[PDB]
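> quick one, structure for this:
(chains A, B, C and D, ligands or ions: 5)
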Amino acid sequence: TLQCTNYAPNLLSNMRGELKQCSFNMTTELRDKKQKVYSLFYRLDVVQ
Amino acid sequence: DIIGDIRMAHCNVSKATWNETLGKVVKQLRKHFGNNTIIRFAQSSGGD
Amino acid sequence: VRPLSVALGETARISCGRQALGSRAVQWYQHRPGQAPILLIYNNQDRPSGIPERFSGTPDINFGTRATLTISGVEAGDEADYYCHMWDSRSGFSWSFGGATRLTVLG
Amino acid sequence: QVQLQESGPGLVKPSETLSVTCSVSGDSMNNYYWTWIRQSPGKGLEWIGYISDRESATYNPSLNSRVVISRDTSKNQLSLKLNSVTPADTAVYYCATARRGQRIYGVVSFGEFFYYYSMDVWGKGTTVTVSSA
Ligand SMILES: *[C@@H]1O[C@H](CO)[C@@H](O[C@@H]2O[C@H](CO)[C@@H](O[C@@H]3O[C@H](CO[C@H]4O[C@H](CO)[C@@H](O)[C@H](O)[C@@H]4O)[C@@H](O)[C@H](O[C@H]4O[C@H](CO)[C@@H](O)[C@H](O)[C@@H]4O[C@H]4O[C@H](CO)[C@@H](O)[C@H](O)[C@@H]4O)[C@@H]3O)[C@H](O)[C@H]2NC(C)=O)[C@H](O)[C@H]1NC(C)=O
Ligand SMILES: *[C@@H]1O[C@H](CO)[C@@H](O[C@@H]2O[C@H](CO)[C@@H](O)[C@H](O)[C@H]2NC(C)=O)[C@H](O)[C@H]1NC(C)=O
Ligand SMILES: *[C@@H]1O[C@H](CO)[C@@H](O)[C@H](O)[C@H]1NC(C)=O
Ligand SMILES: *[C@@H]1O[C@H](CO)[C@@H](O)[C@H](O)[C@H]1NC(C)=O
Ligand SMILES: *[C@@H]1O[C@H](CO)[C@@H](O)[C@H](O)[C@H]1NC(C)=O
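Numbering: from 1, shown residues only, chains lettered A, B, ... in the order given. Ligands and ions are numbered 1, 2, ... in the order given. Shown next is the protein structure:
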């Protein structure tokens, strides 16, 4: 599950609805430890 | 992330030589449809 | 509100503490206490008529540099507080000005 | 050439209406944009709002829309109105003009630009204080 919001707010150009900034968890090499990460995605690959 | 300026990817094409190319290809196309028939181009229809 | 002190004669280099991000387009004002604010530099290179050629900012080419104001030939009246009004492409419409850097010439 | 001169009541008790005008002399207000500046002691400068030929009273959202912009081209004046005022706004006010410059940095067909306002001609300013006593 991705917790995610819009990146680059209050922008008045054409490119607004793209560039969402999400955050998720992911396992590391130790299977008992987990990891937090920040990343970006375009609009056409995420769905609420 | 983004270092710099949010922009939008695009493509250019030289205007005059594209028009001349379309004017050439419609001259070759008229050999199957008499001399005077209205030829019109249009956008795509649908699909993915 | 922050101070700075430069002795007589030599140059002085002031830069505003807001981190610029994008294409820069800044202004520099000057406000003596009690008097009226005057403009010094607009559009990072230009200059209105009536200002001597001892005031020079930074040309905004090849992104990655800090905007700063350099003055040369300092004198006694150069005591007023300065301002770095800032505009970019990303941060949208601004409203504030920022903290004034107080110049205190000595000699 | 544009010259500025102010007019204010000076000493008004709080929870009232504060109206301060600036007089425009020398030229008209056909293309010039008009702003207002507040300078309170114990802090830096502060910018209030502006207006243009389309008469957009655009306000600072840190001011709770307690102020009203008023222009007059029939008799060449500008007017402020301040409603539901505080005792904590004793400050010299300023009526200065501003021009609009654009800066385009990508393509023009995508709206890939922004606007900036530069304030070149300034007023001498007048002091207006509020006091419960
Ligand atoms: C596909 O085809 C499109 C066709 O539209 C093409 O778009 C063009 O893209 C370029 C790249 O962004 C745009 O170029 C900009 O041009 C403006 C124009 O300003 C002056 O220039 C001309 C004459 O040169 C005048 O006619 C005009 O009225 C203006 O006087 C420039 O302002 C831009 O440069 C500034 O910003 C850059 C980034 O910040 C800086 O690198 C640059 O140096 C300038 O910054 C500062 O430089 C000056 C140096 O002294 C300084 O004094 C200034 O104050 C300034 O702040 C930028 O070059 C162009 O406008 C687009 N065309 C249109 C119609 O919009 C695509 O590039 C093309 N793509 C491909 C891949 O082919
Ligand atoms: C990472 O997984 C954790 C595991 O549930 C998620 O958040 C936790 O939520 C509980 C209850 O709200 C908190 O007490 C924990 O502190 C949270 N932990 C973390 C690491 O956030 C969380 O949704 C996941 N993180 C992301 C970014 O997806
Ligand atoms: C496209 O890029 C080439 C790269 O060599 C350049 O010569 C040309 O002027 C550009 N523009 C057009 C319209 O072909
Ligand atoms: C395209 O090229 C023709 C040349 O046959 C010219 O007459 C015309 O003005 C050009 N432009 C358009 C939009 O048809
Ligand atoms: C169309 O017109 C051309 C004019 O050069 C003529 O030679 C040709 O025979 C015509 N074709 C038809 C199918 O009418």
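> and the spatially most central residue of chain C, what are its bridge partners?
Geometric centre of chain C, nearest residue: residue C:28, 4.2 Å, by CA atoms, centre = their mean. Counting by DSSP bridges, residue C:28 forms beta bridges with residue C:41, residue C:84.
> all strands for the chain, in order.
Going with chain A. A:3-6, A:20-27, A:34-41 (DSSP state E).
> please go with chain C instead
Going by DSSP E, chain C shows strands at C:2-4, C:12-15, C:27-31, C:38-42, C:55-56, C:68-71, C:81-85, C:101-103.
> dump the fourth one to PDB, keeping only the CA atoms.
Coordinates of each C-alpha in strand C:38-42 appear next as PDB, following Å, rounded to 0.1, in the frame of the first residue of the first chain:
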ATOM      1  CA  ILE C  38      14.800  52.800  -3.200                       C
ATOM      2  CA  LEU C  39      15.400  50.200  -5.900                       C
ATOM      3  CA  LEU C  40      18.900  49.100  -6.800                       C
ATOM      4  CA  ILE C  41      19.000  46.000  -9.000                       C
ATOM      5  CA  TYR C  42      16.200  44.300 -11.000                       C
END
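> and that strand with strand C:27-31, angle?
With axes from the mean of the first three to the mean of the last three CA atoms, to 10 degrees defining the directions, strand C:38-42 sits at 160 degrees from strand C:27-31.
> near ligand 1 at all, strand C:38-42?
No: Strand C:38-42 stays clear of ligand 1 (CB under 6 Å from any ligand atom), getting no nearer than 9.8 Å. Just so you know, the C-beta spots here come from the backbone N, C-alpha and C atoms, and that holds for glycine as well.
> give me the buried positions along that strand.
Buried residues in strand C:38-42, counting neighbours by 16 or more other CB atoms under 10 Å in any protein chain shown, are found at C:38-42.
> and stretch D:122-133, by the same measure?
Buried residues in stretch D:122-133, counted by 16+ other CB under 10 Å: D:122-123, D:125-126, D:128, D:130.
> what's the answer for stretch D:5-22, then?
Of all the residues in stretch D:5-22, those buried under the rule 16+ other CB under 10 Å are D:6, D:8, D:12, D:18-22.
> give me the subset of those lying in helices.
Nothing among the buried residues of stretch D:5-22 maps onto helices, per DSSP state H.
> report the two of those separated the most.
Farthest pair in the buried residues of stretch D:5-22 (CB to CB) is D:12 and D:22. Separation: 17.5 Å.
> quick one: residues contacting residue 46.
Since no chain was named, I'll use chain A. Going by CB atoms under 8 Å, 6 or more residues apart in numbering or on different chains, residue A:46 touches A:2, A:4, A:20, A:22.
> that's the other chain; I wanted chain D
C:96-97, D:37-40.
> near ligand 1, which residues of chain D?
D:104-108.
> related to what we said a few turns ago, pick out whichever of the contacts of residue D:46 sits closest to chain A.
Relative to chain A, the closest of the contacts of residue D:46 is residue C:96; by CB to the nearest CB it sits at 14.8 Å.
> wait, that closest one touches residue D:47, no?
Yes: in terms of CB atoms under 8 Å, residue C:96 counts as a neighbour of residue D:47; the distance is 7.3 Å.
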